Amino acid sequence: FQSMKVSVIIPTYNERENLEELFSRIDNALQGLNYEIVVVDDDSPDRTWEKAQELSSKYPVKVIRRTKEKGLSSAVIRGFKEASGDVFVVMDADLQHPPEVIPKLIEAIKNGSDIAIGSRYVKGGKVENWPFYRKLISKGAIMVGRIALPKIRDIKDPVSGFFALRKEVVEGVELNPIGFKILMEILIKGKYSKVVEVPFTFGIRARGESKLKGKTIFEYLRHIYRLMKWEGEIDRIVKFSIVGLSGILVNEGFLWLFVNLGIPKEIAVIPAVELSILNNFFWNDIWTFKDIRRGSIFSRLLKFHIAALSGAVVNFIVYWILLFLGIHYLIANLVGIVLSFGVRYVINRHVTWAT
């Protein structure tokens, strides 16, 4: 069936010795199929391009050398432009991504998926000779993305450099050239209705230096922020804060009104805070999250109370921990309120108004 064309897009910087092994294993994996290899090199101080062309004698290789541009994601964007296939396959050149699982990726695509992700973290997925710490940092960084970007909440390895997609997913789509995690750009901005993750083993690099470890983490966080903006999450967070501010005023307002009407201070606090919660739910339901209301309004009201209570607990615990660590009580209090707001937003975004 793969009379349809497959383009294997490979970004390279100083990837030399690996090419011979790479192309060999790729060809054997994709034996007899209509495929091309598209190498995108940013004028390596390295011979290859050169080695690439030479294997063009034996392998269907298209070589793109760019002198004006640098960057991993930028190269992949270039690959999409230069590729002529119906299905794109993106992978590294160092054999950490095994060419032998490419058939499973394209098979998923033929079976009806728009994107097939080579994933280290779904059932079956593994990583080879990783220290436990590095594995934590990885899944920890991934967790941040899944929570901050609800669209990829259920993706286990959204930062993978190894994936396949129908050309339709990214044609007509403007992808941001900055960064490394091109898949995350695609998951957010691409056109698709079905993604699957396919387990594989992230193997040992065989030969050559590493060019990205570690130069990725704070870029990754700025990438997340750009995507939060794009998704309207930043907008929701600002509106949520504004509502939250109004709630503080409403709380103090009723507290004053109640005690001056002959109601004891430590009795008046209860209706005052509950009214502030009701106030906060109301504006968030008709403004902040108006477009993603589901089910009964009472069910949302109850979930909102859970988030509000969770916020108060986080605020309490954070404050005292910081006080025990020797932090000034005003800073401690500030951080408590900020983390409370953060937790309340996350719980309301993922539970009260879940998507």
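Counting begins at 1, following the sequence as shown.
Asker: Checking the other PDB entries that cover both flanking residues: does residue 165 lack coordinates in at least a third?
Answerer: Across the compared entries, residue 165 is modelled every time.
Asker: Within the set of other compared PDB entries, does residue 150 lack a model in a third or more?
Answerer: Per the records, residue 150 is modelled in all the other entries.
Asker: Please compare 41 to 49 with 317 to 325 and name the stretch with the higher mean C-alpha B-factor in the deposited structure.
Answerer: Higher mean C-alpha B-factor: 41 to 49.
Asker: Compare the mean C-alpha B-factor of 63 to 71 with that of 31 to 39 as given in the PDB entry, and name the stretch with the higher value.
Answerer: Taking the mean B-factor of the alpha carbons in each, 63 to 71 is higher.
Asker: For the listed 265, 189, 97, 229, which has the peak Cα B-factor recorded in the PDB entry?
Answerer: Of the options given, 265 has the highest CA B-factor in the PDB entry.
Asker: If you check the C-alpha B-factor for each of 288, 296, 310, 56 in the entry, which is highest?
Answerer: Top of the list by C-alpha B-factor: 56.
Asker: Which third, lowest, middle or highest, does the C-alpha temperature factor of residue 301 belong to within its own chain?
Answerer: Within its chain, residue 301 is a lowest-third residue by C-alpha B-factor, going by the deposited values.
Asker: How does the C-alpha B factor of residue 240 compare with the rest of the chain: lowest, middle or highest third?
Answerer: For residue 240, whose C-alpha B-factor we compare with every modelled residue in the chain, the answer is the lowest third.
Asker: Ranking the modelled residues of this chain by C-alpha B-factor as given in the entry, is residue 19 in the lowest, middle or highest third?
Answerer: For residue 19, the deposited C-alpha B-factor lands in the highest third.
Asker: Lowest, middle or highest third of the chain for the C-alpha temperature factor of residue 4?
Answerer: Its C-alpha B-factor, which the entry lists for residue 4, ranks in the highest third among residues of this chain.
Asker: Quick check on the deposited entry: does the C-alpha B-factor of residue 107 sit in the lowest, middle or highest third of its chain?
Answerer: Its C-alpha B-factor, which the entry lists for residue 107, ranks in the middle third among residues of this chain.
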